[PDB]
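Per-entry structural report
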36 protein chains.
Amino acid sequence: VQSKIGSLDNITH
Amino acid sequence: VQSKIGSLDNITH
Amino acid sequence: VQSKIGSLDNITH
Amino acid sequence: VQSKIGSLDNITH
Amino acid sequence: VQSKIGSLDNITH
Amino acid sequence: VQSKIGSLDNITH
Amino acid sequence: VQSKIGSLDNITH
Amino acid sequence: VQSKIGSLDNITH
Amino acid sequence: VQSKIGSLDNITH
Amino acid sequence: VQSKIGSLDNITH
Amino acid sequence: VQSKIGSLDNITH
Amino acid sequence: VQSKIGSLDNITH
Amino acid sequence: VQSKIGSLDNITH
Amino acid sequence: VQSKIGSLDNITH
Amino acid sequence: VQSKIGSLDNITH
Amino acid sequence: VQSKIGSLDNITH
Amino acid sequence: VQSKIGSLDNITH
Amino acid sequence: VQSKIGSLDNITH
Amino acid sequence: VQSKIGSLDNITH
Amino acid sequence: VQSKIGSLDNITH
Amino acid sequence: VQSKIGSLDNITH
Amino acid sequence: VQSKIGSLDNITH
Amino acid sequence: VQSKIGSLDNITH
Amino acid sequence: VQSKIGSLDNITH
Amino acid sequence: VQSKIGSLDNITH
Amino acid sequence: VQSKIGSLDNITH
Amino acid sequence: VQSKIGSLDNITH
Amino acid sequence: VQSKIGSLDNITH
Amino acid sequence: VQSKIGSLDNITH
Amino acid sequence: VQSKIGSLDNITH
Amino acid sequence: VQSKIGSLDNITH
Amino acid sequence: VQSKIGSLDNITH
Amino acid sequence: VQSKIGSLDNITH
Amino acid sequence: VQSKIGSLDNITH
Amino acid sequence: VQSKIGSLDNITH
Amino acid sequence: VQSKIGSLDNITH
């Protein structure tokens, strides 16, 4: 597996 | 698997 | 699998 | 639940 | 649920 | 739960 | 106001 | 105001 | 005000 | 606003 | 705002 | 605001 | 038993 | 039993 | 038993 | 009131 | 009132 | 009041 | 309110 | 209110 | 309020 | 058995 | 048995 | 047995 | 969730 | 959920 | 959760 | 048994 | 048994 | 048994 | 991305 | 990215 | 990234 | 195999 | 194998 | 094997 992610936001308000 | 993702938002308001 | 995604929004208001 | 209220008056007279 | 209310008056007189 | 209230008056007279 | 009232309920949910 | 009241409830949830 | 009241409840949750 | 939700799932695979 | 939620899941795999 | 939540999970794998 | 009474008058004149 | 009464008058004149 | 009474008057004149 | 009564019963169950 | 009564019964069940 | 009564019963259960 | 109940079962299996 | 109930079962399996 | 209850079971298995 | 329940209420009034 | 419950209420009023 | 419960209330009023 | 199992065999050979 | 199973075999060979 | 199991075998061979 | 296997999963929920 | 296996999982929930 | 195994997991929850 | 591959062979002879 | 691969062989002979 | 691989062979002969 | 090749490319994306 | 090759590339992404 | 190679690359990402 080769992965590239810029930004990751997992948010609960 | 080769993946490229710019931005990922998983949000609950 | 070769994937390219610009922006991903998974949002619940 | 996402909520927005400007003004709220619960008044007994 | 996404809600927007300007003004709310619950008045007994 | 994300909430925003400007003003709230719970008044008995 | 100048009344005879058994039960008075002024409620906001 | 100038009344005869058994029970008075002014409630905001 | 100038009343006869059995029970008075002014509650904010 | 008066809201009741049994179950909520906001999921990204 | 009066809210009741049984269960909530905001998950990214 | 009056809120009741049974369970909450904000998880990133 | 779940009961709610506003006013009760048991009066003999 | 689930009961709600506004006013009750049991009066003998 | 769950009971709520505003006012009670048991009066003999 | 100004009467002749053998038995007087004013009962609320 | 100004009467002759043998038995008086005023009952609320 | 100004009467002749054998038994007077004013009861609230 | 006058109530008479023989047996009451509120059960979750 | 006059009530008479033999048996009451409120059950969830 | 007049109440009479034989047996009360509030059970969670 | 694989079970998922959001909310459960077993209530007697 | 594999079980998941958000919220549970077994209540008698 | 594998069990997960968010909240539990066994209440008698 | 109410469950009853007589026997269970999860076997790899 | 009320369930009854006599026998269960999950076997890989 | 109410559960009853007679026998359980999780065996790797 | 006498095999070439990449991944083996024998699962019971 | 007499095999070549990368990953073996025998799981009961 | 007489095998070459990378990871072996025999788990009961 | 949610992916599942049984077997992959990238072979140059 | 959520990925599952059984077997991978990148072989040059 | 969530990844699961059974077996990996990067071999040069 | 027994050949004359300038460039060899065996790629899996 | 028994060849004359300038460049050999065996790549898995 | 028994060859003449300028560059050999066997890569797993």
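Before reading on, note that the structure itself is shown above.
Residues numbered from 1 in each chain as written, not as in the entry; some residues may be left out. Chains lettered and ligands numbered in written order. Heavy atoms only, no water.

**Considerations on unusual backbone geometry**
Residues and elements named next belong to chain G. Phi is positive for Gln2, which is not a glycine, with a value near 60 degrees. The topology assignment puts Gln2 in the segment before β1 (4-12). Take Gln2: its relative accessible area is 59%, and that puts it in the exposed class. (Helix = DSSP H or I, 4+ residues; strand = E, 2+ residues; numbered from the N terminus. Buried < 20%, exposed > 50% of the residue type's maximum accessible area, 1.4 Å probe, protein only.)

**A closer look at the pattern of salt bridges**
One pass over the full model with this rule turns up five salt bridges over all chains. Residue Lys4(AG) pairs with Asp9(AC) through a salt bridge whose shortest N-O separation is 3.6 Å. With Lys4(AG) in strand β1 (residues 2-12) and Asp9(AC) in strand β1 (residues 4-12), this residue pair bridges two chains. Looking at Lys4(AG), the relative accessible area reads 36%, which means it is partly exposed. We classify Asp9(AC) as buried; its relative accessible area is 8%. One network of salt bridges, in which partners are shared, links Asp9(AB), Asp9(AC), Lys4(AF) and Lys4(AG). (Salt bridge = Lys/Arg side-chain N within 4 Å of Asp/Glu carboxyl O.)

**Concerning the interface of chain H and chain G**
Of the residues lining the interface, 13 residues belong to chain H; the matching set on chain G comes to 13 residues. Sorting the residues of chain H by area buried against chain G places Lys4(H), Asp9(H) and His13(H) first, and these three jointly supply 36% of that buried surface. Applying the counting criterion to the chain H and chain G interface returns 15 residue pairs in polar contact. Among the residues forming the side of chain H that touches chain G, the class breakdown is four nonpolar, seven polar and two charged. Taken together, the eight bridges between β1(G) and strand β1 (residues 4-12) of chain H define a ladder with parallel strand orientation. Bridge pairing links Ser7(G) to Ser7(H) in β1(H). (Contact = heavy atoms within 4.5 Å. Buried area = accessible area lost by both parts, 1.4 Å probe. Polar contact = N/O pair within 3.5 Å; in protein donor to acceptor, adjacent residues only side chain to side chain. Nonpolar A, V, L, I, M, F, W, Y, C, P; charged D, E, K, R; others polar. Pairing = 2+ DSSP bridges.)

**What about the side chain of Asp9(AF)?**
Here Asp9(AF) is buried and forms no salt bridge, its nearest opposite-charge partner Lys4(AB) lying at an N-O distance of 5.0 Å. Apart from the residues lying within four places of it in its own chain, the contact partners of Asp9(AF) are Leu8(AE), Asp9(AE), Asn10(AE), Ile11(AE) and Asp9(AG). (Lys, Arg positive; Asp, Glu negative; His and termini not counted.)

**Some details on the side chain of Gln2(W)**
Overall, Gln2(W) belongs to the buried group, its relative accessible area being 18%. Once you skip the residues sitting within four places of it in the chain, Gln2(W) turns out to touch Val1(V), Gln2(V), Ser3(V), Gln2(X), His13(AB) and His13(AC).

**Some thoughts on the sheet that holds strand β1 (residues 2-12) of chain L**
The parallel open sheet is built from three strands, whose spatial order is β1(J)-β1(K)-β1(L). Across the chains shown, the open sheet's two edge strands, defined by having one partner strand only, are β1 (2-12) of chain J together with β1 of chain L. Between one strand axis and the next, the sheet turns through 0 degrees on average, direction left out of account. Here strand β1 (residues 2-12) of chain K pairs with β1(L) via 10 bridges, running parallel. For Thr12(K), the partnering residue across the bridge sits in β1(L) and is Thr12(L). (Axes fitted to C-alpha atoms, helices over the stretch in contact; angles between N-to-C directions.)

**Digging into the sheet that holds strand β1 (residues 4-12) of chain I**
Taking strand neighbours across the sheet as the criterion, the three strands line up as β1(G)-β1(H)-β1(I) in an open arrangement whose pairing is parallel. Taken across any chain shown, the strands that pair with only one partner, and hence form the sheet edges, are β1 of chain G together with β1 of chain I. In this sheet, neighbouring strand axes are inclined to one another by 0 degrees on average, regardless of whether the strands run parallel or antiparallel.

**Details of the environment of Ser7(O)**
By secondary structure assignment, the location of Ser7(O) is in strand β1 (residues 2-12). Residue contacts for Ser7(O): discarding those within four places in its chain leaves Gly6(H), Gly6(I), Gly6(M), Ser7(M) and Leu8(M).

**Here's the deal with the environment of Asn10(AA)**
Tracing the backbone shows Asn10(AA) in strand β1 (residues 2-12). Exposure remark for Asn10(AA): the relative accessible area of 12% places this residue in the buried category. Not counting residues up to four positions away in its chain, the partners in contact with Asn10(AA) are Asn10(Y), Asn10(AC), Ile11(AC), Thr12(AC), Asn10(AD), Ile11(AD) and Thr12(AD). There is a polar contact of 3.4 Å between the side chain of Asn10(AA) and the backbone oxygen of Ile11(AD).

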